[PDB]
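Trainee: Submitted below is the structure of interest, expressed as structure tokens.
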Amino acid sequence: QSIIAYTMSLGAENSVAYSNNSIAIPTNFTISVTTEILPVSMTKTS
Amino acid sequence: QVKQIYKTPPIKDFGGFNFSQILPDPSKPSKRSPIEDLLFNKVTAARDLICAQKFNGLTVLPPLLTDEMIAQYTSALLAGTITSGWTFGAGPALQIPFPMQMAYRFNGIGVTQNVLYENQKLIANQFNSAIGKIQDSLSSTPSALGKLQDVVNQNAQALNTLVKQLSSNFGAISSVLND
Amino acid sequence: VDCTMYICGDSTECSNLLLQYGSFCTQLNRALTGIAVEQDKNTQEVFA
Amino acid sequence: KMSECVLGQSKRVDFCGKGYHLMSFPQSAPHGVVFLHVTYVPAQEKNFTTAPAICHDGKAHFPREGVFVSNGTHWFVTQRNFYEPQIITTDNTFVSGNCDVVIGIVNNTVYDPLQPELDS
Amino acid sequence: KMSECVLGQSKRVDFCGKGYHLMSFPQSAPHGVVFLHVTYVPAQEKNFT
């Protein structure tokens, strides 16, 4: 257990096989739910 | 914006579109496109302004993200949009031929795909010519990048006025206080 | 707006006392000119 | 956001959530509002082989709303966002010109649904 | 603008360039970003009844 400093990684590493006569198509799906927050008002004074 | 990082295949054939003027160049250490290098060049013993403003109570901090990482992000986005179309924007990426994607976009705008299928060489020639022309144009015109210059000039002017304000008497005997 | 006509007016003693005080007039005029040109920019951009 | 993502369906990408937007629900919060977005996500892909067009009887046929795929031995047509095989007929294709111009065309047969019943 | 005109195709007029939008490409610049737009333009009209 200690403190370590480093250089971050931008993200994962991926490559896609590209060909002049190839294609891919999905077969199953999924339903997802997300949440977002937004402020509206603020307090009145005198 | 994106979670993964994509890479172009080593072979650079896409049915007749050169695309060389925008892809990263492995030779240059900055791994930047010629357009990017032109933009960077176009946009621009003694004490530097940094230390000069330093030694009066003003400091400049460095940003968090660096140009290499920014270029990496840009290249990843470009490779993804070239290889997979819009599919990777809402889930896993799926490969598809470039003329096929062009036909889909032409159907989307509202013209039947045979028109594209029978004019491929002409379309490619026009595309390459347009890329060359825009390269020449942004190389030539020197007055198309005002806004960033104005931002820098405003910041510099504000700092210069602030530092120059120190020498005013404000109605007293002398500005210097030790005297 | 003009600095002197509102601050001092026509008094030379006030003027040559004030010129040592500071350089606020430049900033004031710059801000006003910026707003003035921004108006025409807005009109051009909406209608042309 | 209230105007566009709740009272209807939005086509703008990433405006009303990540994925393909379906519906929305609002909720009340102190000095603020809360949104719930429902989205559709594909999965479980599969590899295939494709061709641009088919030349049959000296004529070129194009898909009317779909795309041509091959399982290795046969050819079919399917929608872009889901897998379903169907027999290539003349009711989901249209003809335009001969097959001496389009690059990458293949040779196959086209099932005409008129002939078998006209012969029955 | 980056979210809408790049990751997909937009139908709003004059939002991602002049003319009919097809695709776009981003580029990086000091303290800024640059977008390249590709559009479609018809020509060579004719009269009919």
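Here's how to read the names in the structure tokens: chain A, B, ... by the order shown, residue numbers from 1 in each chain, ligand numbers from 1 in the order shown.
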Just need the residues of chain E within 9 Å of chain D, counting only C-alpha atoms, so spit them out as a list in words.
Mentor: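 So the residues of chain E near chain D are residues 3, 4, 7, 8, 9 and 10 of chain E.
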Trainee: Please write the residues from the selection above to a file, keeping N, CA and C atoms, as a PDB file, in the first residue's frame.
Mentor:
```pdb
ATOM      1  N   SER E   3     -20.698  16.224 -32.052  1.00  0.00           N
ATOM      2  CA  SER E   3     -21.526  15.059 -31.760  1.00  0.00           C
ATOM      3  C   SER E   3     -22.469  14.737 -32.911  1.00  0.00           C
ATOM      4  N   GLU E   4     -23.045  15.754 -33.549  1.00  0.00           N
ATOM      5  CA  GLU E   4     -24.066  15.467 -34.553  1.00  0.00           C
ATOM      6  C   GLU E   4     -23.525  15.265 -35.964  1.00  0.00           C
ATOM      7  N   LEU E   7     -20.504  11.553 -36.082  1.00  0.00           N
ATOM      8  CA  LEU E   7     -20.893  10.188 -35.751  1.00  0.00           C
ATOM      9  C   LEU E   7     -22.138   9.724 -36.494  1.00  0.00           C
ATOM     10  N   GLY E   8     -22.724  10.571 -37.328  1.00  0.00           N
ATOM     11  CA  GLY E   8     -23.897  10.181 -38.079  1.00  0.00           C
ATOM     12  C   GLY E   8     -24.187  11.186 -39.167  1.00  0.00           C
ATOM     13  N   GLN E   9     -25.359  11.038 -39.774  1.00  0.00           N
ATOM     14  CA  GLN E   9     -25.811  11.927 -40.833  1.00  0.00           C
ATOM     15  C   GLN E   9     -26.951  12.785 -40.308  1.00  0.00           C
ATOM     16  N   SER E  10     -26.883  14.084 -40.575  1.00  0.00           N
ATOM     17  CA  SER E  10     -27.857  15.044 -40.077  1.00  0.00           C
ATOM     18  C   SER E  10     -28.744  15.518 -41.217  1.00  0.00           C
TER      19      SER E  10
END
```
Trainee: Select, as a PyMOL selection string, those residues of chain E with any atom no more than 10 Å from chain B (distances computed using only C-alpha atoms).
Mentor: chain E and resi 2-3+6-11+20-32+34+36+38+40
Trainee: Could you please take those selected residues and save N, CA, C and O atoms as an mmCIF file, in the first residue's frame?
Mentor:
```
data_model
loop_
_atom_site.group_PDB
_atom_site.id
_atom_site.type_symbol
_atom_site.label_atom_id
_atom_site.label_comp_id
_atom_site.auth_asym_id
_atom_site.auth_seq_id
_atom_site.Cartn_x
_atom_site.Cartn_y
_atom_site.Cartn_z
ATOM 1 N N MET E 2 -19.784 18.640 -33.137
ATOM 2 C CA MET E 2 -18.978 17.433 -33.285
ATOM 3 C C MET E 2 -19.833 16.194 -33.066
ATOM 4 O O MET E 2 -19.735 15.219 -33.822
ATOM 5 N N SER E 3 -20.698 16.224 -32.052
ATOM 6 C CA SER E 3 -21.526 15.059 -31.760
ATOM 7 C C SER E 3 -22.469 14.737 -32.911
ATOM 8 O O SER E 3 -22.685 13.562 -33.227
ATOM 9 N N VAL E 6 -20.654 14.287 -37.227
ATOM 10 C CA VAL E 6 -19.585 13.330 -37.484
ATOM 11 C C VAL E 6 -20.046 11.892 -37.283
ATOM 12 O O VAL E 6 -19.985 11.086 -38.211
ATOM 13 N N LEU E 7 -20.504 11.553 -36.082
ATOM 14 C CA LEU E 7 -20.893 10.188 -35.751
ATOM 15 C C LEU E 7 -22.138 9.724 -36.494
ATOM 16 O O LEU E 7 -22.567 8.582 -36.301
ATOM 17 N N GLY E 8 -22.724 10.571 -37.328
ATOM 18 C CA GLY E 8 -23.897 10.181 -38.079
ATOM 19 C C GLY E 8 -24.187 11.186 -39.167
ATOM 20 O O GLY E 8 -23.379 12.071 -39.454
ATOM 21 N N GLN E 9 -25.359 11.038 -39.774
ATOM 22 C CA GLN E 9 -25.811 11.927 -40.833
ATOM 23 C C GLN E 9 -26.951 12.785 -40.308
ATOM 24 O O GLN E 9 -27.877 12.270 -39.673
ATOM 25 N N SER E 10 -26.883 14.084 -40.575
ATOM 26 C CA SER E 10 -27.857 15.044 -40.077
ATOM 27 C C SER E 10 -28.744 15.518 -41.217
ATOM 28 O O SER E 10 -28.310 15.554 -42.373
ATOM 29 N N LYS E 11 -29.979 15.881 -40.888
ATOM 30 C CA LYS E 11 -30.932 16.376 -41.869
ATOM 31 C C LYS E 11 -31.209 17.866 -41.729
ATOM 32 O O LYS E 11 -31.820 18.453 -42.627
ATOM 33 N N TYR E 20 -26.280 19.677 -49.358
ATOM 34 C CA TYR E 20 -26.715 18.409 -48.788
ATOM 35 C C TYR E 20 -25.526 17.723 -48.128
ATOM 36 O O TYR E 20 -24.524 17.437 -48.791
ATOM 37 N N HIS E 21 -25.641 17.450 -46.831
ATOM 38 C CA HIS E 21 -24.534 16.858 -46.093
ATOM 39 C C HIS E 21 -24.356 15.389 -46.450
ATOM 40 O O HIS E 21 -25.333 14.650 -46.596
ATOM 41 N N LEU E 22 -23.100 14.968 -46.592
ATOM 42 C CA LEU E 22 -22.766 13.559 -46.739
ATOM 43 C C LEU E 22 -21.934 13.023 -45.584
ATOM 44 O O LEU E 22 -22.362 12.091 -44.897
ATOM 45 N N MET E 23 -20.760 13.603 -45.338
ATOM 46 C CA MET E 23 -19.855 13.161 -44.280
ATOM 47 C C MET E 23 -19.031 14.360 -43.826
ATOM 48 O O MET E 23 -19.148 15.461 -44.372
ATOM 49 N N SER E 24 -18.189 14.138 -42.818
ATOM 50 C CA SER E 24 -17.299 15.180 -42.326
ATOM 51 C C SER E 24 -16.082 14.544 -41.669
ATOM 52 O O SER E 24 -16.110 13.383 -41.254
ATOM 53 N N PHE E 25 -15.003 15.329 -41.576
ATOM 54 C CA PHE E 25 -13.745 14.870 -40.994
ATOM 55 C C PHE E 25 -13.213 15.919 -40.023
ATOM 56 O O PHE E 25 -13.186 17.116 -40.361
ATOM 57 N N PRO E 26 -12.786 15.517 -38.830
ATOM 58 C CA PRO E 26 -12.213 16.469 -37.877
ATOM 59 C C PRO E 26 -10.697 16.552 -37.960
ATOM 60 O O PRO E 26 -10.011 15.624 -38.391
ATOM 61 N N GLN E 27 -10.177 17.702 -37.532
ATOM 62 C CA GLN E 27 -8.743 17.939 -37.452
ATOM 63 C C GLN E 27 -8.440 18.762 -36.210
ATOM 64 O O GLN E 27 -9.303 19.478 -35.698
ATOM 65 N N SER E 28 -7.201 18.665 -35.738
ATOM 66 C CA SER E 28 -6.778 19.336 -34.518
ATOM 67 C C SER E 28 -5.934 20.563 -34.840
ATOM 68 O O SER E 28 -5.223 20.607 -35.846
ATOM 69 N N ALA E 29 -6.020 21.557 -33.968
ATOM 70 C CA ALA E 29 -5.308 22.816 -34.113
ATOM 71 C C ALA E 29 -4.966 23.346 -32.730
ATOM 72 O O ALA E 29 -5.596 22.960 -31.739
ATOM 73 N N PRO E 30 -3.956 24.218 -32.626
ATOM 74 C CA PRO E 30 -3.639 24.821 -31.324
ATOM 75 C C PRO E 30 -4.814 25.578 -30.725
ATOM 76 O O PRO E 30 -5.279 26.566 -31.301
ATOM 77 N N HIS E 31 -5.295 25.115 -29.569
ATOM 78 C CA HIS E 31 -6.398 25.756 -28.849
ATOM 79 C C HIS E 31 -7.653 25.862 -29.711
ATOM 80 O O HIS E 31 -8.400 26.838 -29.632
ATOM 81 N N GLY E 32 -7.894 24.853 -30.538
ATOM 82 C CA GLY E 32 -9.060 24.886 -31.400
ATOM 83 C C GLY E 32 -9.201 23.592 -32.167
ATOM 84 O O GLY E 32 -8.353 22.698 -32.093
ATOM 85 N N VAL E 34 -10.857 21.967 -36.106
ATOM 86 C CA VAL E 34 -11.193 22.280 -37.490
ATOM 87 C C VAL E 34 -11.955 21.103 -38.080
ATOM 88 O O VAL E 34 -11.533 19.951 -37.936
ATOM 89 N N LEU E 36 -13.832 19.450 -41.624
ATOM 90 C CA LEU E 36 -13.903 19.451 -43.080
ATOM 91 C C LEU E 36 -15.221 18.800 -43.481
ATOM 92 O O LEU E 36 -15.526 17.686 -43.046
ATOM 93 N N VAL E 38 -18.082 17.559 -46.458
ATOM 94 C CA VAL E 38 -18.267 17.079 -47.823
ATOM 95 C C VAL E 38 -19.756 17.133 -48.129
ATOM 96 O O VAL E 38 -20.572 16.595 -47.370
ATOM 97 N N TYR E 40 -23.044 17.659 -51.388
ATOM 98 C CA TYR E 40 -23.498 17.305 -52.725
ATOM 99 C C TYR E 40 -24.231 18.496 -53.326
ATOM 100 O O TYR E 40 -25.011 19.160 -52.636
#
```
Trainee: Which residues of chain D are close to chain A, meaning at most 7 Å apart when you count only C-alpha atoms, and how do they look as number ranges by chain?
Mentor: D: 31-51, 81-83
Trainee: Store the residues picked out above, limited to N, CA, C and O atoms, as an mmCIF file, in the first residue's frame.
Mentor:
```cif
data_model
loop_
_atom_site.group_PDB
_atom_site.id
_atom_site.type_symbol
_atom_site.label_atom_id
_atom_site.label_comp_id
_atom_site.auth_asym_id
_atom_site.auth_seq_id
_atom_site.Cartn_x
_atom_site.Cartn_y
_atom_site.Cartn_z
ATOM 1 N N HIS D 31 -35.265 21.884 -7.072
ATOM 2 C CA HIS D 31 -34.573 22.861 -7.915
ATOM 3 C C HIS D 31 -34.001 22.216 -9.175
ATOM 4 O O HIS D 31 -33.012 22.687 -9.738
ATOM 5 N N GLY D 32 -34.627 21.139 -9.630
ATOM 6 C CA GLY D 32 -34.111 20.436 -10.790
ATOM 7 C C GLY D 32 -35.081 19.377 -11.258
ATOM 8 O O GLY D 32 -36.153 19.175 -10.678
ATOM 9 N N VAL D 33 -34.683 18.697 -12.331
ATOM 10 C CA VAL D 33 -35.495 17.665 -12.960
ATOM 11 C C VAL D 33 -34.616 16.451 -13.227
ATOM 12 O O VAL D 33 -33.386 16.549 -13.274
ATOM 13 N N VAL D 34 -35.256 15.296 -13.394
ATOM 14 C CA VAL D 34 -34.569 14.028 -13.613
ATOM 15 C C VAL D 34 -35.183 13.361 -14.835
ATOM 16 O O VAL D 34 -36.411 13.316 -14.968
ATOM 17 N N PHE D 35 -34.336 12.845 -15.722
ATOM 18 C CA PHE D 35 -34.781 12.154 -16.925
ATOM 19 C C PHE D 35 -34.352 10.695 -16.891
ATOM 20 O O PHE D 35 -33.280 10.368 -16.373
ATOM 21 N N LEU D 36 -35.190 9.827 -17.451
ATOM 22 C CA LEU D 36 -34.855 8.425 -17.669
ATOM 23 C C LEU D 36 -35.027 8.137 -19.155
ATOM 24 O O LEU D 36 -36.100 8.377 -19.718
ATOM 25 N N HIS D 37 -33.979 7.624 -19.790
ATOM 26 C CA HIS D 37 -33.996 7.340 -21.218
ATOM 27 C C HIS D 37 -33.981 5.836 -21.452
ATOM 28 O O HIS D 37 -33.302 5.097 -20.731
ATOM 29 N N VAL D 38 -34.724 5.391 -22.459
ATOM 30 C CA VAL D 38 -34.780 3.988 -22.848
ATOM 31 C C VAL D 38 -34.190 3.867 -24.246
ATOM 32 O O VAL D 38 -34.622 4.564 -25.171
ATOM 33 N N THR D 39 -33.207 2.985 -24.405
ATOM 34 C CA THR D 39 -32.480 2.856 -25.659
ATOM 35 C C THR D 39 -32.360 1.391 -26.054
ATOM 36 O O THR D 39 -32.518 0.481 -25.236
ATOM 37 N N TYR D 40 -32.068 1.179 -27.334
ATOM 38 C CA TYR D 40 -31.987 -0.144 -27.937
ATOM 39 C C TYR D 40 -30.559 -0.386 -28.407
ATOM 40 O O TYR D 40 -29.974 0.465 -29.084
ATOM 41 N N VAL D 41 -30.000 -1.544 -28.049
ATOM 42 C CA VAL D 41 -28.606 -1.861 -28.316
ATOM 43 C C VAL D 41 -28.509 -3.224 -28.989
ATOM 44 O O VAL D 41 -29.041 -4.208 -28.467
ATOM 45 N N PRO D 42 -27.847 -3.340 -30.137
ATOM 46 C CA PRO D 42 -27.653 -4.657 -30.752
ATOM 47 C C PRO D 42 -26.501 -5.409 -30.104
ATOM 48 O O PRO D 42 -25.707 -4.853 -29.342
ATOM 49 N N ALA D 43 -26.413 -6.698 -30.432
ATOM 50 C CA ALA D 43 -25.350 -7.550 -29.915
ATOM 51 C C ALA D 43 -25.331 -8.858 -30.693
ATOM 52 O O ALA D 43 -26.195 -9.114 -31.536
ATOM 53 N N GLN D 44 -24.323 -9.680 -30.394
ATOM 54 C CA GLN D 44 -24.203 -11.037 -30.928
ATOM 55 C C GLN D 44 -24.157 -11.032 -32.458
ATOM 56 O O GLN D 44 -25.060 -11.520 -33.140
ATOM 57 N N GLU D 45 -23.079 -10.462 -32.988
ATOM 58 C CA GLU D 45 -22.904 -10.370 -34.428
ATOM 59 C C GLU D 45 -22.361 -11.679 -34.997
ATOM 60 O O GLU D 45 -22.093 -12.642 -34.274
ATOM 61 N N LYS D 46 -22.199 -11.700 -36.319
ATOM 62 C CA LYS D 46 -21.767 -12.890 -37.036
ATOM 63 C C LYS D 46 -21.173 -12.481 -38.376
ATOM 64 O O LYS D 46 -21.570 -11.472 -38.965
ATOM 65 N N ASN D 47 -20.220 -13.275 -38.857
ATOM 66 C CA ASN D 47 -19.525 -12.964 -40.097
ATOM 67 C C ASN D 47 -20.295 -13.493 -41.302
ATOM 68 O O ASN D 47 -20.989 -14.510 -41.225
ATOM 69 N N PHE D 48 -20.155 -12.793 -42.427
ATOM 70 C CA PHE D 48 -20.842 -13.161 -43.656
ATOM 71 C C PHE D 48 -20.063 -12.644 -44.854
ATOM 72 O O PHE D 48 -19.109 -11.873 -44.718
ATOM 73 N N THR D 49 -20.489 -13.079 -46.036
ATOM 74 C CA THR D 49 -19.913 -12.643 -47.300
ATOM 75 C C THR D 49 -20.999 -11.989 -48.143
ATOM 76 O O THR D 49 -22.145 -12.450 -48.150
ATOM 77 N N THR D 50 -20.640 -10.921 -48.852
ATOM 78 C CA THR D 50 -21.609 -10.124 -49.587
ATOM 79 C C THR D 50 -21.120 -9.847 -51.001
ATOM 80 O O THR D 50 -19.943 -10.021 -51.326
ATOM 81 N N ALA D 51 -22.054 -9.405 -51.836
ATOM 82 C CA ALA D 51 -21.805 -9.008 -53.211
ATOM 83 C C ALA D 51 -22.678 -7.806 -53.535
ATOM 84 O O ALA D 51 -23.764 -7.655 -52.963
ATOM 85 N N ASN D 81 -30.366 -4.202 -39.903
ATOM 86 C CA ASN D 81 -30.195 -4.180 -38.457
ATOM 87 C C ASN D 81 -30.639 -5.465 -37.773
ATOM 88 O O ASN D 81 -30.625 -5.530 -36.540
ATOM 89 N N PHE D 82 -31.029 -6.485 -38.531
ATOM 90 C CA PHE D 82 -31.374 -7.763 -37.927
ATOM 91 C C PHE D 82 -31.224 -8.853 -38.976
ATOM 92 O O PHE D 82 -31.313 -8.583 -40.175
ATOM 93 N N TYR D 83 -31.002 -10.080 -38.515
ATOM 94 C CA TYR D 83 -30.766 -11.214 -39.400
ATOM 95 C C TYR D 83 -32.072 -11.964 -39.630
ATOM 96 O O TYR D 83 -32.711 -12.423 -38.678
#
```
Trainee: Taking only C-alpha atoms into account, what are the residues of chain B at most 9 Å from chain C, put as a list in words?
Mentor: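 Going by the stated atoms only, the list reads residues 165, 168, 169, 170 and 171 of chain B.
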Trainee: Convert the current residue selection to file output with C-alpha atoms, as a tab-separated table (two decimals), in the first residue's frame.
Mentor:
```tsv
chain	number	residue	atom	x	y	z
B	165	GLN	CA	-0.72	49.56	-13.86
B	168	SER	CA	0.99	54.85	-11.20
B	169	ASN	CA	1.31	57.29	-8.31
B	170	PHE	CA	-2.49	57.32	-7.80
B	171	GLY	CA	-2.08	60.86	-6.44
```
Trainee: Write out as number ranges by chain the set of residues from stretch 11-145 of chain B that DSSP, computed on the backbone, places in alpha helix (DSSP H).
Mentor: B: 34-42, 49-54, 67-84, 98-109, 113-117, 120-140
Trainee: Quick one: which residues from chain B are at most 9 Å off chain A, using only C-alpha atoms, as a PyMOL selection string?
Mentor: chain B and resi 2-9+14-15+69+72-73+80+83-84+93-98
Trainee: Those residues with N, CA, C and O atoms, as a PDB file, in the first residue's frame please?
Mentor:
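Writing the result to part_25.pdb gives the following:
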```
ATOM      1  N   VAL B   2     -14.886   8.515 -27.462  1.00  0.00           N
ATOM      2  CA  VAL B   2     -14.914   7.089 -27.767  1.00  0.00           C
ATOM      3  C   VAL B   2     -14.196   6.337 -26.656  1.00  0.00           C
ATOM      4  O   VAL B   2     -13.343   6.904 -25.963  1.00  0.00           O
ATOM      5  N   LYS B   3     -14.543   5.059 -26.488  1.00  0.00           N
ATOM      6  CA  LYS B   3     -13.986   4.276 -25.391  1.00  0.00           C
ATOM      7  C   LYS B   3     -12.799   3.425 -25.835  1.00  0.00           C
ATOM      8  O   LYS B   3     -11.868   3.207 -25.053  1.00  0.00           O
ATOM      9  N   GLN B   4     -12.809   2.932 -27.072  1.00  0.00           N
ATOM     10  CA  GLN B   4     -11.693   2.148 -27.575  1.00  0.00           C
ATOM     11  C   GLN B   4     -10.799   3.001 -28.473  1.00  0.00           C
ATOM     12  O   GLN B   4     -11.029   4.195 -28.677  1.00  0.00           O
ATOM     13  N   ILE B   5      -9.760   2.373 -29.016  1.00  0.00           N
ATOM     14  CA  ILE B   5      -8.853   2.999 -29.970  1.00  0.00           C
ATOM     15  C   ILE B   5      -8.749   2.063 -31.165  1.00  0.00           C
ATOM     16  O   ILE B   5      -8.486   0.866 -30.998  1.00  0.00           O
ATOM     17  N   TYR B   6      -8.951   2.598 -32.363  1.00  0.00           N
ATOM     18  CA  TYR B   6      -8.941   1.793 -33.573  1.00  0.00           C
ATOM     19  C   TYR B   6      -7.719   2.113 -34.426  1.00  0.00           C
ATOM     20  O   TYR B   6      -7.117   3.183 -34.320  1.00  0.00           O
ATOM     21  N   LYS B   7      -7.356   1.160 -35.282  1.00  0.00           N
ATOM     22  CA  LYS B   7      -6.218   1.309 -36.175  1.00  0.00           C
ATOM     23  C   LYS B   7      -6.606   0.882 -37.581  1.00  0.00           C
ATOM     24  O   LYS B   7      -7.354  -0.080 -37.773  1.00  0.00           O
ATOM     25  N   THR B   8      -6.082   1.604 -38.559  1.00  0.00           N
ATOM     26  CA  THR B   8      -6.317   1.274 -39.953  1.00  0.00           C
ATOM     27  C   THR B   8      -5.553   0.009 -40.340  1.00  0.00           C
ATOM     28  O   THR B   8      -4.487  -0.276 -39.787  1.00  0.00           O
ATOM     29  N   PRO B   9      -6.090  -0.780 -41.273  1.00  0.00           N
ATOM     30  CA  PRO B   9      -5.336  -1.926 -41.772  1.00  0.00           C
ATOM     31  C   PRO B   9      -4.104  -1.467 -42.530  1.00  0.00           C
ATOM     32  O   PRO B   9      -4.083  -0.359 -43.091  1.00  0.00           O
ATOM     33  N   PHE B  14      -8.976   1.525 -51.069  1.00  0.00           N
ATOM     34  CA  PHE B  14     -10.385   1.753 -50.773  1.00  0.00           C
ATOM     35  C   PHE B  14     -11.178   2.042 -52.041  1.00  0.00           C
ATOM     36  O   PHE B  14     -12.056   2.905 -52.063  1.00  0.00           O
ATOM     37  N   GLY B  15     -10.875   1.323 -53.116  1.00  0.00           N
ATOM     38  CA  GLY B  15     -11.647   1.436 -54.335  1.00  0.00           C
ATOM     39  C   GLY B  15     -11.372   2.656 -55.182  1.00  0.00           C
ATOM     40  O   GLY B  15     -12.084   2.872 -56.169  1.00  0.00           O
ATOM     41  N   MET B  69      -1.486  13.065 -27.387  1.00  0.00           N
ATOM     42  CA  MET B  69      -2.732  12.386 -27.050  1.00  0.00           C
ATOM     43  C   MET B  69      -3.896  12.924 -27.871  1.00  0.00           C
ATOM     44  O   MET B  69      -4.775  12.159 -28.289  1.00  0.00           O
ATOM     45  N   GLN B  72      -3.643  11.375 -31.180  1.00  0.00           N
ATOM     46  CA  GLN B  72      -4.055   9.979 -31.077  1.00  0.00           C
ATOM     47  C   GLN B  72      -5.573   9.855 -31.101  1.00  0.00           C
ATOM     48  O   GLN B  72      -6.125   8.997 -31.802  1.00  0.00           O
ATOM     49  N   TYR B  73      -6.262  10.711 -30.344  1.00  0.00           N
ATOM     50  CA  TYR B  73      -7.722  10.695 -30.342  1.00  0.00           C
ATOM     51  C   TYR B  73      -8.277  10.983 -31.730  1.00  0.00           C
ATOM     52  O   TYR B  73      -9.194  10.295 -32.202  1.00  0.00           O
ATOM     53  N   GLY B  80     -11.919   4.952 -37.131  1.00  0.00           N
ATOM     54  CA  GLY B  80     -13.208   4.344 -36.857  1.00  0.00           C
ATOM     55  C   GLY B  80     -14.267   4.739 -37.867  1.00  0.00           C
ATOM     56  O   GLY B  80     -14.992   3.885 -38.388  1.00  0.00           O
ATOM     57  N   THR B  83     -13.553   3.042 -41.290  1.00  0.00           N
ATOM     58  CA  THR B  83     -13.721   1.598 -41.384  1.00  0.00           C
ATOM     59  C   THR B  83     -15.141   1.118 -41.115  1.00  0.00           C
ATOM     60  O   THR B  83     -15.588   0.177 -41.778  1.00  0.00           O
ATOM     61  N   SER B  84     -15.864   1.724 -40.173  1.00  0.00           N
ATOM     62  CA  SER B  84     -17.128   1.150 -39.724  1.00  0.00           C
ATOM     63  C   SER B  84     -18.354   2.019 -39.952  1.00  0.00           C
ATOM     64  O   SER B  84     -19.452   1.599 -39.566  1.00  0.00           O
ATOM     65  N   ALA B  93     -18.508  -2.094 -33.189  1.00  0.00           N
ATOM     66  CA  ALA B  93     -18.224  -1.693 -34.560  1.00  0.00           C
ATOM     67  C   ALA B  93     -18.371  -2.891 -35.491  1.00  0.00           C
ATOM     68  O   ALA B  93     -17.987  -4.011 -35.137  1.00  0.00           O
ATOM     69  N   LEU B  94     -18.928  -2.656 -36.675  1.00  0.00           N
ATOM     70  CA  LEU B  94     -19.100  -3.686 -37.690  1.00  0.00           C
ATOM     71  C   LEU B  94     -18.493  -3.207 -39.001  1.00  0.00           C
ATOM     72  O   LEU B  94     -18.756  -2.081 -39.436  1.00  0.00           O
ATOM     73  N   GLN B  95     -17.685  -4.059 -39.623  1.00  0.00           N
ATOM     74  CA  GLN B  95     -17.034  -3.692 -40.872  1.00  0.00           C
ATOM     75  C   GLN B  95     -18.027  -3.712 -42.027  1.00  0.00           C
ATOM     76  O   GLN B  95     -19.044  -4.409 -41.993  1.00  0.00           O
ATOM     77  N   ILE B  96     -17.716  -2.936 -43.061  1.00  0.00           N
ATOM     78  CA  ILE B  96     -18.577  -2.807 -44.234  1.00  0.00           C
ATOM     79  C   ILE B  96     -17.786  -2.134 -45.350  1.00  0.00           C
ATOM     80  O   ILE B  96     -17.002  -1.212 -45.083  1.00  0.00           O
ATOM     81  N   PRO B  97     -17.930  -2.575 -46.600  1.00  0.00           N
ATOM     82  CA  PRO B  97     -17.191  -1.939 -47.696  1.00  0.00           C
ATOM     83  C   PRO B  97     -17.531  -0.464 -47.852  1.00  0.00           C
ATOM     84  O   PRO B  97     -18.670  -0.032 -47.654  1.00  0.00           O
ATOM     85  N   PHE B  98     -16.506   0.310 -48.211  1.00  0.00           N
ATOM     86  CA  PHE B  98     -16.669   1.753 -48.376  1.00  0.00           C
ATOM     87  C   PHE B  98     -17.660   2.124 -49.473  1.00  0.00           C
ATOM     88  O   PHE B  98     -18.490   3.021 -49.242  1.00  0.00           O
TER      89      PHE B  98
END
```
Trainee: Starting from chain D, keep only residues with some atom at most 8 Å from an atom of chain B, counting only C-alpha atoms, and report them as a PDB file with N, CA and C atoms, in the first residue's frame.
Mentor:
```pdb
ATOM      1  N   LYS D  18     -27.736   7.490 -25.027  1.00  0.00           N
ATOM      2  CA  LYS D  18     -26.770   6.738 -25.821  1.00  0.00           C
ATOM      3  C   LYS D  18     -27.453   5.497 -26.386  1.00  0.00           C
ATOM      4  N   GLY D  19     -27.405   5.347 -27.710  1.00  0.00           N
ATOM      5  CA  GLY D  19     -28.036   4.263 -28.425  1.00  0.00           C
ATOM      6  C   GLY D  19     -29.114   4.796 -29.340  1.00  0.00           C
ATOM      7  N   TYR D  20     -30.148   3.987 -29.547  1.00  0.00           N
ATOM      8  CA  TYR D  20     -31.308   4.400 -30.323  1.00  0.00           C
ATOM      9  C   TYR D  20     -32.431   4.774 -29.365  1.00  0.00           C
ATOM     10  N   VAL D  41     -30.000  -1.544 -28.049  1.00  0.00           N
ATOM     11  CA  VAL D  41     -28.606  -1.861 -28.316  1.00  0.00           C
ATOM     12  C   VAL D  41     -28.509  -3.224 -28.989  1.00  0.00           C
ATOM     13  N   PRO D  42     -27.847  -3.340 -30.137  1.00  0.00           N
ATOM     14  CA  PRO D  42     -27.653  -4.657 -30.752  1.00  0.00           C
ATOM     15  C   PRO D  42     -26.501  -5.409 -30.104  1.00  0.00           C
ATOM     16  N   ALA D  43     -26.413  -6.698 -30.432  1.00  0.00           N
ATOM     17  CA  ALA D  43     -25.350  -7.550 -29.915  1.00  0.00           C
ATOM     18  C   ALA D  43     -25.331  -8.858 -30.693  1.00  0.00           C
ATOM     19  N   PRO D  52     -22.232  -6.934 -54.443  1.00  0.00           N
ATOM     20  CA  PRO D  52     -23.026  -5.730 -54.733  1.00  0.00           C
ATOM     21  C   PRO D  52     -24.281  -6.002 -55.542  1.00  0.00           C
ATOM     22  N   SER D  96     -32.308  -2.718 -63.631  1.00  0.00           N
ATOM     23  CA  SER D  96     -31.836  -1.500 -64.284  1.00  0.00           C
ATOM     24  C   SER D  96     -30.619  -1.846 -65.131  1.00  0.00           C
ATOM     25  N   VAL D 101     -21.483  -3.379 -66.803  1.00  0.00           N
ATOM     26  CA  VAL D 101     -20.932  -2.124 -66.313  1.00  0.00           C
ATOM     27  C   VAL D 101     -20.593  -2.191 -64.830  1.00  0.00           C
ATOM     28  N   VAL D 102     -21.500  -2.725 -64.012  1.00  0.00           N
ATOM     29  CA  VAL D 102     -21.290  -2.756 -62.570  1.00  0.00           C
ATOM     30  C   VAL D 102     -20.122  -3.675 -62.242  1.00  0.00           C
TER      31      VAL D 102
END
```
